[PDB]
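Visitor: Okay, here's the structure, questions in a sec.
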Amino acid sequence: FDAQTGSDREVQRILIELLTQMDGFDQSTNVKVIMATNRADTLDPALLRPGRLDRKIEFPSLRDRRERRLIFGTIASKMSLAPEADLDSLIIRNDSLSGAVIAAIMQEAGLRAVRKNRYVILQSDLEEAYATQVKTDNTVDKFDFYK
Amino acid sequence: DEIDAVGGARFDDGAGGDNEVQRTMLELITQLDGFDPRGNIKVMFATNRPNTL
Amino acid sequence: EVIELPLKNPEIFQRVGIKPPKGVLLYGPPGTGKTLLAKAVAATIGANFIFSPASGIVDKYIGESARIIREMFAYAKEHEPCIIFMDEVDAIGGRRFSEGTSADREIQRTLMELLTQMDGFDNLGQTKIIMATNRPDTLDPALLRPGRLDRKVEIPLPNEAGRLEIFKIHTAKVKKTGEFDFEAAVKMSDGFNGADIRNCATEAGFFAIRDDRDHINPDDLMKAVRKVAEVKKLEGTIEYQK
Amino acid sequence: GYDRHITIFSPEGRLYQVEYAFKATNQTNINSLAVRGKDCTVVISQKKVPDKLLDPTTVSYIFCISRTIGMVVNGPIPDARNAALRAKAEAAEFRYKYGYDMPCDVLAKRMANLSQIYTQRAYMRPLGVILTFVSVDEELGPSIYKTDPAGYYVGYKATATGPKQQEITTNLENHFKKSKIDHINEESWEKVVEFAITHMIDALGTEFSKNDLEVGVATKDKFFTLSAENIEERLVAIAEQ
Amino acid sequence: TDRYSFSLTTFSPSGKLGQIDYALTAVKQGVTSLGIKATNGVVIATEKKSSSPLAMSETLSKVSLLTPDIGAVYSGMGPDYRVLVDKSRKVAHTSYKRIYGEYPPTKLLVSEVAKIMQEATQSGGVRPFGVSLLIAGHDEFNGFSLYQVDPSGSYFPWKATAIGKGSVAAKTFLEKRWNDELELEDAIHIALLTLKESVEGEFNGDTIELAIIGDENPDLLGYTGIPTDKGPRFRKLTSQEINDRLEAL
Amino acid sequence: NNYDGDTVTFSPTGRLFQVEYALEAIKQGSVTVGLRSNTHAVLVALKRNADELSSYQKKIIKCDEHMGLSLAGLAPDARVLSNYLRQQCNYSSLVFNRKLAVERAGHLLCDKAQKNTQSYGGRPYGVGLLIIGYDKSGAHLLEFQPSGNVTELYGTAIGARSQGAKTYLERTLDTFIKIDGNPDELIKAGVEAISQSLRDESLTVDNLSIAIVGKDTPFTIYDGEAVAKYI
Amino acid sequence: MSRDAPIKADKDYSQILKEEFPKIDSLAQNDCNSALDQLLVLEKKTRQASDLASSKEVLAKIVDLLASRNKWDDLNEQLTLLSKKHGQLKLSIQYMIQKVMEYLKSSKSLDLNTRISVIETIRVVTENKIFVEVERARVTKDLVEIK
Amino acid sequence: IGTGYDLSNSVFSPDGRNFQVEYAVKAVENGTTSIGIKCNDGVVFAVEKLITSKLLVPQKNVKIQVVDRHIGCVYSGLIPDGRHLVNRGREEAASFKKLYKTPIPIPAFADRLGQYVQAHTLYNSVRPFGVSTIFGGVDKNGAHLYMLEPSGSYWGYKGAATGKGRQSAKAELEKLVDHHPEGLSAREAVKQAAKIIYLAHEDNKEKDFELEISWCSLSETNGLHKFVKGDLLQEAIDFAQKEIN
Amino acid sequence: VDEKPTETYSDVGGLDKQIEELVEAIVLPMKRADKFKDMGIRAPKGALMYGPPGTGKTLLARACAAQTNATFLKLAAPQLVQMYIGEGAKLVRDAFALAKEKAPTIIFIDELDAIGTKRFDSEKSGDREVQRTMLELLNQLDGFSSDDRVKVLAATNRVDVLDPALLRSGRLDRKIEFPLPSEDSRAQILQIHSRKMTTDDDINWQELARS
Ligand SMILES: Nc1ncnc2c1ncn2[C@@H]1O[C@H](COP(=O)(O)OP(=O)(O)OP(=O)(O)O)[C@@H](O)[C@H]1O
Ligand SMILES: Nc1ncnc2c1ncn2[C@@H]1O[C@H](COP(=O)(O)OP(=O)(O)OP(=O)(O)O)[C@@H](O)[C@H]1O
Ligand SMILES: [Mg+2]
Ligand SMILES: [Mg+2]
């Protein structure tokens with residue numbers, strides 16, 4: 001906090017008010033506030049000490065190959081797939097790929113199918129569409145002289 | 001007096017830029033010639049380094 | 001594929017069994033026509049079209065700035081199908097910071113809302129967002145995020161084909177003696193963008209104020225291409241895209 | 001303050017100075033696509049010629065370095081001629097001291113070492129060019145070796161260069177997956193020129209006229225460049241495909 | 001010209017030599033490589049890596065023969081290895097193959113390449129090499145021996161070790177699986193097993209370059225009938241041969 | 001700003017600044033005026049003492065038996081280049097038995113000053129010479145700029161208040177070219193030229209140093225009471 | 001697709017080819033492939049109007065093929081080839097193909113021939129889902145009747 | 001981003017550009033107009049040589065120097081720096097003449113200078129040249145014409161130009177090549193070099209100028225580089241007056 | 001404007017070509033607004049004046065004020081930046097809104113390094129107060145706003161430091177360079193200041209110009 005602007009002073013008041021009454025919410029039949037943040041280096045540690053927020057859940061952006069194949073598999077069961085397509089060709093390509101990017105990738109493959117005028121998602125579509133929404137080369141791009 | 005502060009030569013650096021120092025310096029410059037005649041105002045600069053200017 | 005189709009027929013997306021896309025991010029080097037592309041599609045599609053500079057919704061006042069933004073989608077839903085168009089979302093879609101000042105931390109309060117407004121538990125029916133940006137690199141990672149915005153259209157610099165088309169769009173309109181110099185000019189005019197082309201027509205036209213000709217010479221076209229080229233290169237080159 | 005201003009290491013273990021060369025390569029906007037035929041190697045490249053006043057015969061990015069080794073240059077044209085001169089020279093020297101014409105493999109490693117030394121000086125600027133050396137060897141057959149400003153190189157089944165080369169890499173990779181044979185096959189070199197030109201017309205989404213192409217083919221015991229007159233006879237040959 | 005005759009490795013103020021520290025960062029960016037010393041061989045191992053599949057791996061090399069009795073394998077920068085392999089072959093001929101007529105012992109050659117290291121941690125206009133090498137070999141009086149030559153210019157004799165991005169996890173696996181009798185065939189099963197946990201990309205006999213410094217093969221000697229000399233002890237394993245031992249996991 | 005430290009660093013104005021700086025050494029320098037006709041060249045220099053006890057510093061260096069140069073910059077810098085000109089004038093007499101052309105001698109001079117200004121750890125030479133001589137195409141007056149640049153003029157000046165001298169030469173331009181054979185008159189026309197570059201310092205028999213070269217007169221330096229007829 | 005040259009003229013050029021149609025018929029007897037070439041060389045013109053005009057002729061040869069009892073195979077392969085190249089437009093062809101299906105009905109061929117022929121026709125419209133979809137169900141009910 | 005990147009030249013800037021050498025194109029921008037018309041039988045150089053004072057000696061200064069007997073070299077920008085680049089190619093050409101006893105080809109000579117300017121950009125210790133040259137001549141392989149940028153870039157040319165009036169020149173040379181895209185005469189091209197120096201004198205119409213013209217032509221000069229002087233030079237002058245009227 | 005002192009074009013001594021280039025982009029589309037409509041081309045959206053300091057870019061604008069007799073909105077770029085959140089942006093939109101009304105218009109901006117540049121992305125700080133007020137400037141130059149009755153005259157003595165989005169022909173169409181006086185032009189300058197104080201005719205102006 002800068003702690004001289006009104007914008008900041010008003011959030012100071014909120015932050016103490018939530019925290020105080022979180023202790024008030026103790027010994028109730030209620031399970032206390034669930035809250036999420038895509039960031040985590042920006043939070044005050046006064047929330048993060050025991051007796052307020054207790055359980056800290058980790059979510060990775062890494063997945064192992066058995067756990068990856070499952071995400072592609074549930075989304076693809078909801079859509080239609082050619083008997084000429086497979087999902088085990090899709091997961092070897094990346095070593096790192098978070099669960100939502102899999103969702104969008106699956107979208108792309110089915111969007112591409114409208115262009116081609118296809119009911120099914122043939123693997124051809126699927127492969128081309130896979131490479132779209134990957135990107136992120138800046139250390140393997142032209143920078144293989146670090147291996 | 002002493003415009004080693006508020007006198008840094010303008011450069012681009014990608015950290016934040018020299019924006020706070022030069023904001024003040026550029027206000028000054030425009031009122032030392034106007035876009036209209038300035039009144040009777042004599043201005044004395046005094047510096048230790050005419051090289052940060 | 002994203003804007004016309006699920007408005008007309010979401011029955012197409014239903015065949016495959018897949019969700020319709022919403023959220024388009026357009027990004028490009030400047031003068032590639034990214035603002036132009038949206039202006040053109042707003043008069044065609046024939047739904048309600050909210051036009052929104054991203055930098056006129058931020059007030060002084062404390063979270064009024066967020067109050068406007070929530071309303072903007074709540075209006076949209078109620079006029080559905082509707083389109084929310086945001087220009088230059090570097091302004092309030094900036095990087096995370098949280099080591100800034102009070103001014104920048106304000107930006108976090110408006111951004112955090114707009115992120116939840118797009119996807120939460122609240123779903124959007126046929127509300128579609130086209131955001132335009134001059135760099136996807138200095139936008140927030142949470143915004144940029146796959147699934148937050150769906151289709152990621154690159155707007156490239158006009159290809160060897162494209163150059164000819166653009167030159168013809170601005171030259172049909174003018175008075176001229178008859179210009180057959182585009183065969184030379186497209187060749188000369190490499191490393192340009194759409195805005196500089198549109199300027200070459202204006203520039204050729206200013207040589208004819210001097211000649212007192214009421215027609216633009218094809219000779220005047222050769223000069224224009226050069227006049228634009230030199231100044232452009234010198235004063236600063238243009239952005240590269242990831 | 002001085003770690004990204006000579007080729008010394010940074011707190012990261014990276015050499016940014018070496019890295020800026022790789023960001024200079026793609027500022028010329030010249031594309032290249034190179035495939036190994038059955039008994040030839042064909043490389044096709046753009047030849048942008050901006051102004052009317054350039055004499056087009058002189059504009060080139062195919063350099064003859066030997067009878068068997070051509071060298072195709074992407075990156076600025078000053079750095080191109082200095083890498084090209086050093087190459088011809090080393091080719092002569094090899095012939096001189098070892099008594100056979102230089103094999104490509106060896107020229108690839110030779111220009112690589114000179115690249116390596118240029119990033120371990122402090123008074124030498126690494127040449128910012130990606131050179132692709134195309135050949136037909138009598139021991140290792142048609143090859144492609146691509147060197148780069150750092151001093152790494154690897155052989156290639158095909159390779160592309162330029163700023164739109166991400167696109168070109170995609171077409172060629174699909175092609176060699178589907179077929180399942182590492183090199184393109186077709187006996188006559190003329191028709192590998194045809195297949196190669198189609199793949200550049202598909203990838204870049206642009207057609208090419210005779211002055212926009214400049215094509216080099218290394219066949220057996222000779223490297224030639226096709227005259228722009230002869231390149232049209234190939235452009236017509238795509239009209240019956 | 002040259003006016004760069006001042007060292008760019010300089011003492012840092014709280015101690016340490018800053019360039020050599022930095023260069024060791026650049027070692028741990030690169031591929032993962034390991035070596036296991038048996039009682040009758042040394043095995044060395046590395047993973048190939050390309051820009052795209054369009055690169056060939058057939059013409060690529062990352063394990064090189066310095067002398068027929070002494071091989072090397074690196075983890076760190078590709079460019080620096082490439083020149084330093086060639087300088088290693090050069091000093092090995094010029095300073096023991098013209099003077100004592102034969103290939104140098106493993107202790108001696110290691111000591112020479114550490115001095116090549118040393119004269120780019122010092123002198124002007126130069127920074128440190130950005131590799132760390134295992135230089136494994138066999139000499140007639142110190143047995144099989146595995147070394148690690150580093151950006152500092154030190155050497156350490158080892159019995160099994162690993163270098164590269166998966167170094168931390170690799171050596172703990174190797175500490176617990178080491179034993180004071182291994183055969184060379186038993187050594188291989190350790191090295192492959194470990195290198196499989198550091199790969200997450202594709203695994204094949206074409207993408208793992210594996211080398212043994214076993215025992216003598218007269219089929220690579222090139223000739224027969226001088227029994228005084230005994231063929232390459234160094235023998236790089238072909239893709240077909242490696243693949244069987246992969247199934248053997 | 002930071003562009004001024006060395007001789008290698010351009011410069012956003014198209015310049016290099018250090019050569020620009022060395023050109024200001026000529027300006028703080030004393031005046032010498034050259035004028036030529038079609039038959040005799042004249043250098044008219046104003047010598048400069050420090051104090052009353054002091055001597056006056058030689059401003060005209062006879063370079064050869066038909067060449068003389070005059071400094072208007074650094075005295076140490078003038079000594080280096082003068083040797084170099086003598087050397088190449090003597091190398092021409094020895095090898096080709098040829099009086100070194102005046103037009104050629106500006107090109108030899110040229111390149112000695114360029115090669116230290118392109119180089120690191122060198123500097124430009126901050127001295128401008130006016131070089132007279134009489135060769136095979138007649139009288140010549142060269143102005144050597146510390147920029148390296150050589151130009152051939154009918155009359156020039158360099159120094160301080162020098163502009164006032166160019167003007168005297170600029171008026172009297174169509175007169176002096178036409179008087180030939182009469183060295184008395186050229187000399188006087190050059191004394192009056194350098195007198196409009198005064199500002200309370202005057203001219204005397206220890207300030208004025210004249211040297212001429214003619215068709216019919218080899219290189220002569222007049223000083224003392226031999227510049228007492230020609231005030 | 002569309003072009004600014006073969007609108008009116010080329011429609012009149014297909015009317016010239018129709019006066020040359022009996023020469024084509026007489027040529028079809030000696031080798032069917034020789035007759036077939038002229039109608040395919042006409043279908044290399046981009047324009048919707050001229051596309052519809054040209055293909056009538058191709059369907060008119062496809063009665064000749066269907067009439068003969070060893071030439072019925074050829075038309076199946078051709079229509080495979082028509083989907084695969086690009087046709088010349090994707091509006092034109094989908095209608096013309098139905099006329100082929102129509103002909104299958106009224107030809108009264110050997111039962112052996114009819115079975116194979118309807119399988120070859122359906123294989124083409126397997127991944128597709130536009131106009132084609134409707135047609136496909138129309139020939140499959142008829143194929144299912146034979147079985 | 002980091003501060004530096006303009007104090008040397010074997011730095012690259014973070015965008016892969018130079019500095020000094022990009023700064024060096026602005027040194028060349030202050031220079032005198034200089035054009036080259038490639039005719040079928042040779043080259044015609046012409047250069048605006050300013051009379052900057054009334055105290056200069058007319059027709060006794062030149063900026064067109066011959067290298068060997070058949071390659072004219074003509075430069076603009078830093079004039080002393082420019083003589084040094086010509087001087088290097090007189091040593092290089094002379095070495096070629098001894099070793100192989102033929103006059104150095106225009107493509108061979110282009111190659112020899114080119115390296116030289118490029119070599120000064122590879123060190124932090126030598127200042128990159130701030131001149132652009134137009135050079136060509138007639139050799140056994142025909143006529144060729146080259147412009148060599150300060151960047152150590154050169155290309156073939158049918159007309160090239162440099163200096164301040166490069167804007168008007170480049171535009172006026174497109175017209176001459178659209179009058180005669182099938183070639184033009186070397187006698188004729190003297191007169192056109194005159195006309196395109198006087199139209200390009202309009203960025204620089206403050207002052208007065210001497211036109212210097214030279215040609216190397218196969219059919220009037222026998223493929224040797226000589227100066228355009230006497231009556232022919234005065235015809236071209238009278239030509240230019242009547243055009244600008 | 002309240003009428004800024006007339007300098008005419010006898011106190012913009014020398015630099016003819018710049019006055020010519022400037023009046024074409026700013027003064028003709030006002031007066032001769034009919035002739036470009038006929039030619040079917042569009043008028044500029046602006047001119048930029050850049051060069052070394054002291055070359056009278058500010059002088060030429062002051063002149064231009066007196067000559068066109070339309071509303072001239074004087075602007076200094078650090079005045080626009082404001083410490084209350086996006087009230088710097090309120091200043092952009094209002095000033096330009098104002099220019100629609102009082103049309104035809106000229107906005108003269110002095111400086112442009114206080115709307116700085118767009119290059120910041122580093123976690124530690126940034127200043128995204130400067131960026132926002134700049135990105136608002138661009139949205140007024142865009143097609144949905146007026147631009148055919150609002151000319152923007154921009155003057156700066158750094159041009160390198162600027163972000164490419166202010167630049168490009170079509171935001172600021174003209175890229176006018178100011179050089180320093182020529183030999184003859186220096187003479188012209190000196191003689192136009194000297195009318196204000198006493199002189200004698202010994203003074204030869206030529207000598208002074210040479211110096
Ligand atoms: N793609 C294009 N085809 C045709 N005209 C174009 C194109 N791009 C730009 N132009 C022309 O140039 C004008 C100016 O471009 P415009 O201002 O729309 O660019 P932008 O890329 O959206 O800008 P900014 O980066 O400032 O947001 C257009 O109004 C149009 O006349
Ligand atoms: N060409 C000129 N003719 C007449 N007077 C001039 C000329 N150039 C400049 N001046 C005078 O010099 C004074 C100071 O220059 P001014 O501040 O106008 O320059 P600028 O280059 O627009 O500067 P900055 O970018 O530093 O604000 C002017 O007010 C004017 O009186
Ligand atoms: Mg100012
Ligand atoms: Mg916009």
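Chain lettering (A, B, ...) mirrors the order of the structure tokens, residue numbering begins at 1 for each chain separately, and ligand numbering begins at 1 in order of display.
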Excluding same-chain residues fewer than 2 positions from region 61-75 of chain F, what lies within 8 Å of it counting only C-alpha atoms, as a count of residues only?
Guide: 35
Visitor: Pick out the residues no farther than 7 Å from ligand 2, counting only C-alpha atoms and all ligand atoms, and list them as a ChimeraX atom specification.
Guide: /B:30,33 /I:11-15,51-59,155-157,181,189
Visitor: For the selection you just gave me, I'd like the residues written to a file as an mmCIF file, in the first residue's frame, keeping C-alpha atoms.
Guide:
```
data_model
loop_
_atom_site.group_PDB
_atom_site.id
_atom_site.type_symbol
_atom_site.label_atom_id
_atom_site.label_comp_id
_atom_site.auth_asym_id
_atom_site.auth_seq_id
_atom_site.Cartn_x
_atom_site.Cartn_y
_atom_site.Cartn_z
ATOM 1 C CA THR B 30 8.457 25.089 -22.563
ATOM 2 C CA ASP B 33 10.605 30.270 -24.180
ATOM 3 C CA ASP I 11 10.624 36.690 -39.104
ATOM 4 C CA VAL I 12 10.744 33.071 -40.160
ATOM 5 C CA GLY I 13 13.888 34.028 -42.032
ATOM 6 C CA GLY I 14 15.346 31.271 -44.335
ATOM 7 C CA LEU I 15 14.112 27.685 -44.480
ATOM 8 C CA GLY I 51 15.344 18.645 -36.033
ATOM 9 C CA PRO I 52 17.964 19.984 -33.716
ATOM 10 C CA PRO I 53 16.909 22.534 -31.136
ATOM 11 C CA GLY I 54 16.849 26.195 -31.932
ATOM 12 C CA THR I 55 15.706 25.901 -35.593
ATOM 13 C CA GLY I 56 12.352 27.660 -35.146
ATOM 14 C CA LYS I 57 9.881 24.911 -35.277
ATOM 15 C CA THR I 58 8.132 26.735 -32.433
ATOM 16 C CA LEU I 59 8.614 29.950 -34.469
ATOM 17 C CA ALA I 155 6.921 19.567 -32.850
ATOM 18 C CA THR I 156 9.798 17.624 -31.031
ATOM 19 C CA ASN I 157 13.644 17.650 -30.978
ATOM 20 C CA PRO I 181 20.862 27.479 -41.692
ATOM 21 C CA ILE I 189 18.548 35.564 -39.952
#
```
Visitor: Env of residue 32 (chain B): 12 Å cut, atoms = only C-alpha atoms, seq-sep filter 4 positions within chain, self excluded. Answer as a ChimeraX atom specification.
Guide: /B:25-28,36-45
Visitor: Give me, as number ranges by chain, the contact residues of chain G against chain A at a cut-off of 6 Å, counting only C-alpha atoms.
Guide: G: 127-129
Visitor: Kindly determine which residues of chain C lie within 6 Å of chain I, considering only C-alpha atoms, and give the answer as a list in words.
Guide: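 In the required form, that comes to residues 55, 58, 59, 60, 91, 97, 99, 100, 103, 138, 173, 174, 175, 195, 196 and 202 of chain C.
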Visitor: Those selected residues, please, written with N, CA, C and O atoms and delivered as a compact mmCIF listing (two decimals), in the first residue's frame.
Guide:
```
# COMPACT_ATOMS: atom_id res chain seq x y z
N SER C 55 -9.40 3.32 -22.89
CA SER C 55 -8.77 4.30 -22.10
C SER C 55 -9.71 5.46 -21.79
O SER C 55 -9.27 6.45 -21.22
N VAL C 58 -11.69 4.49 -17.73
CA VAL C 58 -11.01 4.68 -16.45
C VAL C 58 -11.18 6.03 -15.86
O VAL C 58 -10.51 6.88 -16.39
N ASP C 59 -11.96 6.16 -14.77
CA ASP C 59 -12.05 7.34 -14.07
C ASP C 59 -11.13 7.56 -12.96
O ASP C 59 -10.53 6.68 -12.38
N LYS C 60 -11.17 8.82 -12.42
CA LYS C 60 -10.60 9.28 -11.20
C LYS C 60 -11.13 8.54 -9.99
O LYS C 60 -10.38 8.07 -9.17
N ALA C 91 -3.81 -0.58 -22.49
CA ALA C 91 -4.20 0.36 -21.46
C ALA C 91 -4.63 -0.26 -20.17
O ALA C 91 -4.07 0.08 -19.10
N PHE C 97 2.47 -6.23 -12.85
CA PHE C 97 3.05 -5.32 -11.90
C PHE C 97 2.91 -5.75 -10.44
O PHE C 97 3.32 -6.87 -10.14
N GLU C 99 3.91 -3.68 -7.89
CA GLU C 99 5.15 -3.06 -7.42
C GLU C 99 5.03 -1.73 -8.06
O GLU C 99 5.96 -0.93 -7.93
N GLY C 100 3.85 -1.41 -8.71
CA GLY C 100 3.61 -0.05 -9.19
C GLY C 100 3.25 0.92 -8.17
O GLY C 100 3.60 0.76 -6.99
N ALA C 103 -1.90 4.43 -9.11
CA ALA C 103 -2.47 4.60 -10.42
C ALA C 103 -2.51 3.19 -11.08
O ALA C 103 -3.51 2.82 -11.66
N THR C 138 2.76 -7.41 -24.29
CA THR C 138 2.60 -6.70 -23.04
C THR C 138 1.23 -6.78 -22.51
O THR C 138 0.85 -5.98 -21.63
N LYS C 173 -10.64 5.60 -56.86
CA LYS C 173 -11.33 6.85 -56.45
C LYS C 173 -10.72 8.11 -57.11
O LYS C 173 -11.37 8.91 -57.78
N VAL C 174 -9.38 8.25 -57.06
CA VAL C 174 -8.76 9.47 -57.61
C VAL C 174 -8.94 9.71 -59.05
O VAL C 174 -9.15 8.78 -59.82
N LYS C 175 -8.87 10.95 -59.44
CA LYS C 175 -8.65 11.36 -60.76
C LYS C 175 -7.24 11.20 -61.08
O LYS C 175 -6.40 11.36 -60.17
N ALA C 195 -1.27 1.69 -43.96
CA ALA C 195 -1.40 3.15 -43.77
C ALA C 195 -0.52 4.00 -44.68
O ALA C 195 -0.89 5.13 -45.11
N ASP C 196 0.71 3.49 -45.06
CA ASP C 196 1.67 4.19 -45.82
C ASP C 196 1.31 4.17 -47.29
O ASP C 196 1.65 5.07 -48.07
N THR C 202 -2.15 10.16 -51.47
CA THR C 202 -2.24 11.53 -50.91
C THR C 202 -0.97 12.25 -51.36
O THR C 202 -1.10 13.46 -51.67
```
Visitor: Taking only C-alpha atoms and all ligand atoms into account, which residues are within 6 Å of ligand 4, as a list in words?
Guide: residues 35, 87 and 88 of chain C; 139 of chain I
Visitor: Could you list, as a CSV table (one decimal) with C-alpha atoms, in the first residue's frame, every residue within 10 Å of residue 8 (chain B), counting only C-alpha atoms and ignoring same-chain residues fewer than 3 positions away?
Guide:
```csv
chain,number,residue,atom,x,y,z
B,3,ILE,CA,19.5,21.0,-11.4
B,4,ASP,CA,21.7,17.9,-11.4
B,5,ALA,CA,18.3,16.7,-10.0
B,11,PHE,CA,17.2,8.1,-22.7
B,18,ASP,CA,13.4,8.1,-16.8
B,21,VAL,CA,12.7,13.1,-13.8
B,22,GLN,CA,12.0,14.3,-17.3
B,25,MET,CA,12.3,19.0,-16.9
B,51,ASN,CA,27.1,17.2,-18.3
B,52,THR,CA,24.2,15.6,-16.7
B,53,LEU,CA,22.1,18.4,-18.3
```
Visitor: What's the 12 Å shell around residue 115 (chain A), counting only C-alpha atoms, without same-chain residues fewer than 6 positions away, as a list in words?
Guide: residues 108, 109, 121 and 125 of chain A; 1, 2, 5, 12 and 13 of chain C; 128, 129 and 130 of chain G
Visitor: Would you return as number ranges by chain the members of region 87-219 of chain F that DSSP assigns to helix (DSSP H, G or I) on this structure's backbone?
Guide: F: 87-95, 102-117, 163-171, 173-176, 183-197
Visitor: Considering only C-alpha atoms, extract the chain C residues located within 7 Å of chain A and return them as a PyMOL selection string.
Guide: chain C and resi 15-18+62+98+102+146-147+150
Visitor: Deliver the residues from the most recent selection as a file, using C-alpha atoms, as a PDB file, in the first residue's frame.
Guide:
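Output file result_16.pdb follows:
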```pdb
ATOM      1  CA  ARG C  15     -23.051 -31.105 -35.069  1.00  0.00           C
ATOM      2  CA  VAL C  16     -19.453 -31.643 -33.966  1.00  0.00           C
ATOM      3  CA  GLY C  17     -20.653 -31.331 -30.293  1.00  0.00           C
ATOM      4  CA  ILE C  18     -18.175 -28.405 -29.600  1.00  0.00           C
ATOM      5  CA  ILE C  62     -12.806   4.806  -7.042  1.00  0.00           C
ATOM      6  CA  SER C  98       1.953  -5.122  -8.141  1.00  0.00           C
ATOM      7  CA  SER C 102      -1.649   3.708  -6.807  1.00  0.00           C
ATOM      8  CA  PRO C 146      -6.128 -19.834 -24.280  1.00  0.00           C
ATOM      9  CA  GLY C 147      -9.856 -20.127 -23.727  1.00  0.00           C
ATOM     10  CA  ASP C 150     -10.398 -18.181 -28.567  1.00  0.00           C
TER      11      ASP C 150
END
```
Visitor: Could you list, as a PyMOL selection string, every residue within 9 Å of residue 34 (chain G), counting only C-alpha atoms and ignoring same-chain residues fewer than 5 positions away?
Guide: chain G and resi 24+27-28
Visitor: Generate the output file for the selected residues, C-alpha atoms, as a PDB file, in the first residue's frame.
Guide:
```pdb
ATOM      1  CA  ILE G  24     -17.049 -37.592 -78.984  1.00  0.00           C
ATOM      2  CA  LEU G  27     -14.615 -41.697 -80.269  1.00  0.00           C
ATOM      3  CA  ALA G  28     -15.860 -43.313 -77.101  1.00  0.00           C
TER       4      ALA G  28
END
```
Visitor: Can I get the residues close to ligand 3 as a ChimeraX atom specification, where close means within 6 Å and we count only C-alpha atoms and all ligand atoms?
Guide: /B:29-30 /I:110-111
Visitor: Report as number ranges by chain all protein, DNA and RNA residues lying within 8 Å of residue 197 (chain H), evaluated on only C-alpha atoms, omitting residues in the same chain fewer than 6 positions from it.
Guide: H: 33-35, 46-48, 169, 211
